[PDB]
Amino acid sequence: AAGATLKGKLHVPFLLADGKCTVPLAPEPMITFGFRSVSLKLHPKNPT
Amino acid sequence: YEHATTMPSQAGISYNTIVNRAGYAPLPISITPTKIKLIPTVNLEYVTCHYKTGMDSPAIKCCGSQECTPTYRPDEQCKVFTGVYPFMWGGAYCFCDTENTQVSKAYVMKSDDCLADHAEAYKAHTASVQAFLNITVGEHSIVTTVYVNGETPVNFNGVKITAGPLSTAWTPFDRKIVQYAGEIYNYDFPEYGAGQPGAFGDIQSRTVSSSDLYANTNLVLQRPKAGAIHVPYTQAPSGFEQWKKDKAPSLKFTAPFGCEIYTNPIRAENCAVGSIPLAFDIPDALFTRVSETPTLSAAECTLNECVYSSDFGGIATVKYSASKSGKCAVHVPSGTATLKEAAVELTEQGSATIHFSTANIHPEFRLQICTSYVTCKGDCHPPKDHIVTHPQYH
Amino acid sequence: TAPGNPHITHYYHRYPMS
């Protein structure tokens, strides 16, 4: 319209709020040793 | 009686040392730092979060002409389009084939989720290292937060403890920091108003809840389709999303000298760097006299085993013949070997066992007991294992 | 656990560059 359109204010629901979410945990890696060296065999399920 | 020392900045490594006046007995002192903090002083410059393009509704005029009217909004662009012929559902908006007019207004405002999805920009300076200590002085254990300023003492039991200054000015934190998702990044963010469209700073509010925001997104208006009512906007994407995708992983996982980064009261803990000096005023009553503590006679140290591992892989033994039965302290002054037991029980004609760690293959160290010293020697062997889970106690 | 006994192949692994 022409004159002055701003009549009121709404409130937006479902805002981004905090909490806790259950994220996965990788399989236990295999750790071989060596002089000044650590060798790791890694076997994931999903990308990690 | 004043005493000083130089304890390394390292958690878990239980430092031990002995105060040694002449007419009085040795007083042991066992100091385990549990948590060594490094709290910068921080100044907030701005917060930047996602943007929302605010498209005011189209003012359509038919057989007429409208002129723009600046409402001074952030990045308000305003254009007028001629040769429009809209469609609502009902049909055409007006007969005037040409000589129609469509005022487009577009601006840029801060997302509704900015109370909880906002990155805080910080200038850091003048860190105040702060150490939690577990301190045992003559069976009078205490637990204390202390500051490593020059003169910031802590006074328990009449024992006065001063700490610092630290032997390094290093911070993993630089002059420009960003905080997001409970995670601290080291990013050269621009100043208020020097943003650019596409990266951190395209929107700039002082606080999470402020009024004036600086916007720059390359907001360009385009012409609408023939038979449509819309404000077609092309602009640069959220620079916040690009800081998120291309992330430059956090100082929690990229800080040197082994630092553990934490949140709001920003701190970097257990930074294995530097040696902190101490200074202890000890009131005279904590000192027993040597005439009332067992003066030894005819001591001699052997060495049962020596593995120069990281742990206390060394076991030495002392034969002795004291005057009473009780308690004394032991310390290896040199760095040749470091002890585990800061105090040993002593019978009259017993043989006492002492545990230590070393890095020398042919040790020869001076070991103290109640008053007198002993020269403990031997030969060591390598460790069978070559990876561990704790650091070097020596 | 460098491959050798000082008591050579030792002292070149442990403390290299020598």
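Chemist: Help me understand the environment of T48 of chain B in this model?
Modeler: Residues and elements named next belong to chain B. Relative to the helices and strands, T48 is located in strand β3 (residues 27-48). The class for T48 is buried, based on a relative accessible area of 1%. Spatially, the C-alpha atoms of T48 and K79 are 28 Å apart, while their sequence positions differ by 31 residues. Non-local contacts of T48, meaning those with residues more than four positions away in its chain, are made with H118, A119, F200, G201, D202, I203 and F240. Side-chain polar atoms of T48 contact the backbone oxygen of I203, separated by 2.7 Å.

Chemist: Please clarify how the pattern of salt bridges should be interpreted in this entry.
Modeler: Oppositely charged side chains can pair when the atoms bearing their charge come close. All names here are of chain B. A full pass over the atoms with the stated rule returns seven salt bridges over all chains. Of the charged contacts in the structure, one is a salt bridge between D188 and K176, with a shortest N-O distance of 3.4 Å. A residue pair is termed long-range when its members are at least 10 positions apart, and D188 in the loop between β13 (183-185) and β14 (203-205) and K176 in the loop between β11 (159-163) and β12 (177-180) qualify at twelve residues. Residue classification places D188 among the exposed positions, given a relative accessible area of 63%. Here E269 and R267 are joined by a salt bridge, their closest N and O atoms 3.7 Å apart.

Chemist: Where do I start with the interface of chain B and chain A in this structure?
Modeler: For an interface, size is often stated in terms of accessible area lost upon the parts coming together. Taken together, the contact pairs six residues of chain B with nine residues of chain A. Buried area between chain B and chain A, both sides added, is near 670 Å², and the carbon and sulfur share of it is 65%. Together, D113, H386 and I387 of chain B form the three largest contributors to the area buried by chain B at its contact with chain A, with a combined 61%. The interface formed by chain B and chain A contains zero salt bridges. There are two residue pairs in polar contact connecting chain B and chain A. Here the residues of the side of chain B that touches chain A sort into two nonpolar, one polar and three charged.

Chemist: Sorry, what's going on with the UniProt feature "disulfide bond" in chain B here?
Modeler: All names here are of chain B. Structure remark: disulfide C301/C376 (UniProt) confirmed, S-S 2.0 Å. Separated by 75 residues along the polypeptide, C301 in strand β21 (residues 300-306) and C376 in strand β28 (residues 373-377) bring together distant segments of the chain. The UniProt disulfide joining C306 and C380 is present here, with an S-S separation of 2.0 Å. Taken together, the positions of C306 in strand β21 and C380 in the segment after β28 put the pair 74 residues apart, joining distant regions of the chain. With respect to burial, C306 and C380 carry one shared label: buried.

Chemist: Is there a simple way to explain the sheet that holds β11 of chain B in this structure?
Modeler: All names here are of chain B. Strand order in the open sheet formed by four strands is β1-β20-β11-β10, and the pairing between neighbours is antiparallel. Each edge of the open sheet carries a strand with a single partner, namely β1 (2-8) and β10 (154-156). If you compare each strand with its neighbour and ignore which way they point, the axes differ by 25 degrees on average. Relative to strand β20 (residues 275-281), β1 runs antiparallel, the two sharing seven bridges. Paired with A4 across the two strands is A279, which belongs to β20.

Chemist: Can you walk me through the sheet that holds strand β26 (residues 351-358) of chain B in this structure?
Modeler: Through backbone hydrogen bonds, the strands of a sheet pair up, either in parallel or in antiparallel fashion. Residues and elements named next belong to chain B. The sheet built from four strands is open, its strands ordered β21-β22-β26-β24 with antiparallel pairing. In the strand order of this sheet, the two ends are held by β21 and β24 (337-339), each with one partner. Ignoring which end each strand starts from, the neighbouring axes of this sheet average 35 degrees apart. Where β24 meets β26, three bridges bridge the pair, whose relative direction is antiparallel. Residue pairing in the sheet places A337 in a bridge with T358 of β26.

So, how was this worked out
- Sequence positions are given from 1 along each chain as written, possibly unlike the numbering in the entry, and residues without coordinates are left off.
- Chains and ligands are labelled by the order in which they are written, letters from A for the one and numbers from 1 for the other.
- These chains belong to a larger assembly; all numbers given describe just the chains displayed.
- Note that water and hydrogens are dropped before the side-chain values are worked out from all heavy atoms of the structure.
- In this text, helices come from DSSP runs of H or I with a minimum length of four residues, and strands from runs of E with a minimum of two, each type numbered from the N-terminal end.
- Each residue is placed in one exposure class: buried if its accessible area under a 1.4 Å probe, protein chains only, is under 20% of its type's maximum, exposed if it is over 50%, and partly exposed if it falls in between.
- Note on definitions: a residue-residue contact is assigned when non-hydrogen atoms from the two residues lie within 4.5 Å.
- Side-chain atoms alone can form a polar contact between residues adjacent in sequence; in general such a contact is a pair of N or O atoms within 3.5 Å, and within protein one must be able to donate a hydrogen while the other accepts it.
- Note on definitions: salt bridges are taken to be side-chain nitrogens of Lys or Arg within 4 Å of carboxyl oxygens of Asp or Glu.
- Defined here as a combined quantity, buried area equals the accessible surface (1.4 Å probe) lost by two parts on assembly, summed across both.
- All residues other than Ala, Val, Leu, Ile, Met, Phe, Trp, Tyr, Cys, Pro, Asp, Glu, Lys and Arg, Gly among them, are scored as polar; the first ten of these are nonpolar and the last four charged.
- A pair of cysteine sulfur atoms is labelled a disulfide when the two atoms are within 2.5 Å.
- UniProt positions are given in the numbering used here, feature names are shortened, and annotations may be inferred rather than shown by experiment.
- Any two strands are treated as partners once DSSP identifies two or more bridges connecting them.
- Every angle, taken between N-to-C directions, lies between 0 and 180 degrees, and every axis is a line fitted to C-alpha atoms, over only the stretch in contact when it is a helix.

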